[PDB]
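Working notes, structure below.
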Amino acid sequence: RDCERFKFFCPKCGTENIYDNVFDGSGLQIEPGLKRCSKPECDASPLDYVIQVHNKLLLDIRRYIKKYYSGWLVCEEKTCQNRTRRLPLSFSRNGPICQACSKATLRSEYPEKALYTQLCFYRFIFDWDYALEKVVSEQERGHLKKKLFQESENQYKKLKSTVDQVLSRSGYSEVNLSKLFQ
Amino acid sequence: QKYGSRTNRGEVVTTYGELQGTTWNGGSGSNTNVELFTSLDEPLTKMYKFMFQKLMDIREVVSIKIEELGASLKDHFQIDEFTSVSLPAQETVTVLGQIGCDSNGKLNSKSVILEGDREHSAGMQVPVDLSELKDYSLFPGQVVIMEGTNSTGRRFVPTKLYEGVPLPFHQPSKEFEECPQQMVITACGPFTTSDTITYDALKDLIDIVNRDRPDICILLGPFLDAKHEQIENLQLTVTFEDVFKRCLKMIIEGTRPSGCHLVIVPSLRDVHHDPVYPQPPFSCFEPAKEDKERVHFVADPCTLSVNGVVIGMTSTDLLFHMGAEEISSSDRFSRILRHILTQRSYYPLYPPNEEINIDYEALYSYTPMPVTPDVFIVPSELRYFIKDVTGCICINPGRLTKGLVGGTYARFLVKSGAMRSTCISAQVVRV
Amino acid sequence: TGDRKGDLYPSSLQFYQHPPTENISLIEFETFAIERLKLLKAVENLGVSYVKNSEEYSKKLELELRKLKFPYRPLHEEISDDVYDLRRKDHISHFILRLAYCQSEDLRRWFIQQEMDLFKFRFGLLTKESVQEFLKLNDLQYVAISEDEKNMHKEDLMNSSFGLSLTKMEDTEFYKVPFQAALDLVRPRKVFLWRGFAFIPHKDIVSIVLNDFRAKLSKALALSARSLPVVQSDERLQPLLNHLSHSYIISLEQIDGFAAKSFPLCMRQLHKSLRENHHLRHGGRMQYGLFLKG
Ligand code: SF4
Ligand SMILES: [Zn+2]
Ligand SMILES: [Zn+2]
């Protein structure tokens with residue numbers, strides 16, 4: 001619920017398309033989101049410009065990784081709300097001590113969990129199989145489990161491969177069980 | 001249009017060392033041995049899982065950096081005891097710490113703070129008053145030792161700033177005593193004009209390589225710039241990986257006649273690669289069986305050994321990053337380069353610039369400078385140069401393309417044991 | 001054995017002797033911890049509610065194990081990737097819970113009890129072949145006699161085991177155990193002893209196995225409590241482990257409200273009297289009870 005949705009500008013009409021699920025619509029009128037543009041007057045299919053969708057996905061992933069590695073910290077105290085990029089070596093039991101007030105902890109503005117959830121959401125909005133099993137209903141599942149959507153399924157699998165590749169390189173995020181159990 | 005009709009082709013914009021003929025020729029990488037500098041620490045040669053940094057780990061890495069550099073400097077200077085930075089000091093005391101800015105802006109003489117390490121100061125900070133220091137040069141993240149007094153317990157007043165101590169140069173073995181001088185052509189991205197994706201400057205440079213037959217060609221990223229106007233606005237009809245693959249094929253296949261060892265260094269601006277520093281080597285291209293021994297996909301930063309000559313190189317614009325933060329009492333680039341060499345790290349700036357993503361465990365493991373390099377390639381948006389900083393030849397070849405107009409590259413000659421004149425000659429030349 | 005598997009998980013049941021050495025994700029850590037906490041709480045609730053030998057206990061425990069996807073049944077097929085995954089789950093989750101359940105003696109006891117119960121159930125679901133496999137993989141060496149030695153002591157074995165027929169005996173294989181483990185059998189002279197070993201045919205054995213298991217587990221928990229300071233410094237895992245034991249995994253009140261509007265005046269009067277005096281004569285009891293049933 002706190003993750004940004006996938007914004008893609010139609011090459012033809014230039015209208016923003018917000019993607020938050022694999023499938024859009026209800027009943028037999030349900031189709032993959034990237035099949036038709038959000039503008040009724042626009043006949044362009046975003047599935048045609050899947051290279052552009054791939055490029056925008058990579059750019060968005062880069063944007064989120066940059067946001068995470070910016071390392072912005074905010075003081076948890078409402079009356080301080082000090083915002084700094086510098087992590088001080090002075091730590092309390094709860095974490096870095098804010099050097100503006102010297103009495104509250106600095107919390108990451110974009111923690112690792114936020115980035116992990118964003119990447120998981122981008123995977124979710126392209127997970128054909130998961131959407132079919134969980135999100136989609138019975139009649140809708142039947143209508144979507146036929147031909148006329150195999151090409152869309154393949155393109156969605158390719159697009160999910162990108163987010164899967166990125167997540168495969170994420171440590172979140174890593175627990176070294178060797179250090180715990182000795 | 002503008003690039004293709006340029007008139008200053010081949011102009012030598014900067015020169016250093018022994019004068020050479022108007023034409024340079026190399027051995028085509030015949031009697032050449034290129035490897036990664038074999039130091040105690042293992043090099044970065046494969047991807048490492050990232051995007052998971054614990055604040056405790058960052059604290060530990062920064063603290064151990066300060067502690068290790070301070071230990072080396074204490075042994076070198078025969079300093080007796082370090083004192084906690086935060087505690088008051090009525091008499092003169094020696095304090096080890098790292099410099100920083102009291103606010104988020106750019107450092108100035110009235111915003112300097114010294115943060116101590118965990119061992120001697122529990123990580124405490126103290127404001128610094130530079131009124132009694134006659135000469136200084138400070139940048140954030142700089143590990144320093146200072147003699148000073150803290151009468152109020154609230155403001156440290158330095159009276160002496162200990163100078164930096166660079167690492168010793170490399171003592172080459174005799175195995176390469178009989179090898180000839182080696183020619184190295186180094187160029188840095190971007191390789192295409194701002195309004196094109198055809199890589200015309202790269203084609204010109206490849207023609208130059210085949211013409212001069214250098215022994216090594218060091219190509220630094222970006223190879224598919226993220227700031228390219230076409231890339232940002234999503235006008236490309238092919239995937240990023242495809243464009244990068246085409247570029248690498250062009251480079252490798254086009255250099256076949258020259259037989260030149262190619263050293264490819266990634267850049268943080270490579271839109272197709274992992275955005276993390278230290279950057280792992282490229283791994284999406286498999287050279288043909290006839291080019292495997294010629295292509296070296298190295299990491300950013302890299303310390304290379306070429307017949308015993310140690311070349312340090314980084315794609316990161318270190319000079320631009322540190323020039324925006326360095327404060328001095330009164331050549332600025334020489335000062336920054338000496339700072340880099342004395343801190344013994346390829347990226348001593350903390351916090352980093354806004355354009356670089358730093359994984360601090362990888363930074364700790366793969367940014368220490370093993371020795372002081374004989375040649376240090378530091379491409380920058382700033383002007384090209386060839387400087388001699390503490391016996392190290394620092395070369396900024398500029399960037400091959402500067403917007404719509406063509407840029408510059410560099411060519412230098414290296415021989416182990418020459419005369420310390422390991423760099424016979426060097427030249428920044430126009431494309 | 002798809003990509004990164006091995007012989008690390010031969011059998012379903014294990015004594016949990018060797019700690020895991022892998023690098024797992026925080027999400028996987030949390031999922032495994034919570035899932036095994038659910039499994040152990042289900043074990044405890046079923047043990048309180050039902051007799052552990054009861055068929056209801058077995059059915060409900062199998063349902064819970066299937067729901068949480070833990071290894072509970074063998075498979076005479078091979079080490080399928082999915083199976084491997086399940087076993088890995090079990091192995092990691094157990095140790096995670098050890099880290100959670102070693103701080104206080106109370107907690108330790110609770111953990112041990114639940115673990116033992118689970119182990120017993122799983123043993124109860126093991127076919128004789130599988131059982132022997134297990135007893136071998138852990139160097140328990142409870143026999144298995146050769147056929148030649150069996151023929152050598154055929155008559156002794158026949159007279160040792162009660163109600164064993166000649167051919168049926170030929171169809172059975174015995175095990176060799178030190179007599180110190182078969183006390184309950186040797187004491188009433190219902191198993192042959194030869195040279196310090198009892199020859200036990202293919203219910204009590206689980207007991208001995210469990211004893212061994214319990215010993216080991218107690219030792220392990222002690223060691224874990226001794227290695228606690230190294231883990232407390234990892235904030236990520238502190239909220240979980242320090243508090244796992246306290247982790248969450250028509251109404252009577254509205255009746256009064258109904259009495260405001262819906263209740264007919266008779267029931268309103270009865271309810272008012274009941275709340276005024278907390279007691280009703282027999283007629284009121286009958287009327288109000290029947291109405292509340294309605
Ligand atoms: S018995 Fe109750 S519901 Fe029936 S008429 Fe009397 S008050 Fe109304
Ligand atoms: Zn459109
Ligand atoms: Zn604060």
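Residue numbering: from 1, along the chain as shown.
Method on record in the header is electron microscopy, 11.2 Å.
Cβ from N, Cα, C; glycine included.
Per Swiss-Prot, zinc finger is recorded for A:10-40. As annotated by Swiss-Prot, Zn(2+) 1 binding site applies to A:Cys10, A:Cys13, A:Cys37, A:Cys42. Sequence annotations record features per position, and here Swiss-Prot assigns motif 'CysB motif' to A:75-101. Among the features that Swiss-Prot reports, Zn(2+) 2 binding site is placed at A:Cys75, A:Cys80, A:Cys98, A:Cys101.
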Rank the binding-site residues A:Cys10, A:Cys37, A:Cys101 by how many other Cβ atoms lie within 10 Å of each Cβ and give me the one with the fewest. A:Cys101
Do you know the DSSP helix, strand and coil residue counts for the zinc finger (A:10-40)? 6 helix, 8 strand, 17 coil
Please tell me which one of the binding-site residues listed here (A:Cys10, A:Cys13, A:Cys37, A:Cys42) sits closest to A:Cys98 (Zn(2+) 2 binding site), measuring Cα to Cα? A:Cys10
Using other CB atoms within 10 angstroms as the count, which residue among the binding-site residues A:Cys13, A:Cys98 scores least? A:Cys13
Which site among A:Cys42, A:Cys75, A:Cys80 has the most other CB atoms no more than 10 Å from its CB, taking these as binding-site residues? A:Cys75
Between A:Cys37 (Zn(2+) 1 binding site) and A:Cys101 (Zn(2+) 2 binding site), how far is it from one CA atom to the other, in Å? 51
Excluding A:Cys10, A:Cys13, A:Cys37, A:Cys42, which residues of the same chain place their Cβ within 8 Å of the centroid of the Cβ atoms of the recorded Zn(2+) 1 site? A:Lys12, A:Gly14, A:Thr15, A:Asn17, A:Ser38, A:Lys39, A:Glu41, A:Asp43, A:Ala44
Here's one to test understanding: among the binding-site residues A:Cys75, A:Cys80, A:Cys101, whose C-alpha is closest in space to the C-alpha of A:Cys42 (Zn(2+) 1 binding site)? A:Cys75
Would you mind sorting out which binding-site residues among A:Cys10, A:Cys13, A:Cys37, A:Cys42 put a C-beta under 6 angstroms from ligand 3? none
In the three-state DSSP scheme, A:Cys80 (Zn(2+) 2 binding site) belongs to coil
Take the C-alpha atoms of A:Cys101 (Zn(2+) 2 binding site) and A:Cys10 (Zn(2+) 1 binding site) and report the distance between them in angstrom, rounded. 48
What binding-site residues among A:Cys10, A:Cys75, A:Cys80, A:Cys98 have a C-beta sitting less than 6 Å from any atom of ligand 2? A:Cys10
Can you tell me how far the Cα of A:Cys80 (Zn(2+) 2 binding site) sits from the Cα of A:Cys10 (Zn(2+) 1 binding site), in Å? 43
Could you give the Cα-Cα distance between A:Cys13 (Zn(2+) 1 binding site) and A:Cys75 (Zn(2+) 2 binding site), in whole Å? 44
Three-state secondary structure, which DSSP defines for A:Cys98 (Zn(2+) 2 binding site): coil
Please report the DSSP secondary structure of A:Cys75 (Zn(2+) 2 binding site), reduced to three states. strand
DSSP secondary structure for A:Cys42 (Zn(2+) 1 binding site), reduced to helix/strand/coil, please. coil
Measuring Cα to Cα, how many Å separate A:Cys75 (Zn(2+) 2 binding site) from A:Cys10 (Zn(2+) 1 binding site)? 40
Other than A:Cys75, A:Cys80, A:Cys98, A:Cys101, the chain contributes near Zn(2+) 2 (Cβ within 8 Å of their centroid) the residues A:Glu76, A:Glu77, A:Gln81, A:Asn82, A:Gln99, A:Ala100, A:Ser102, A:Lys103, A:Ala104, A:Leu106
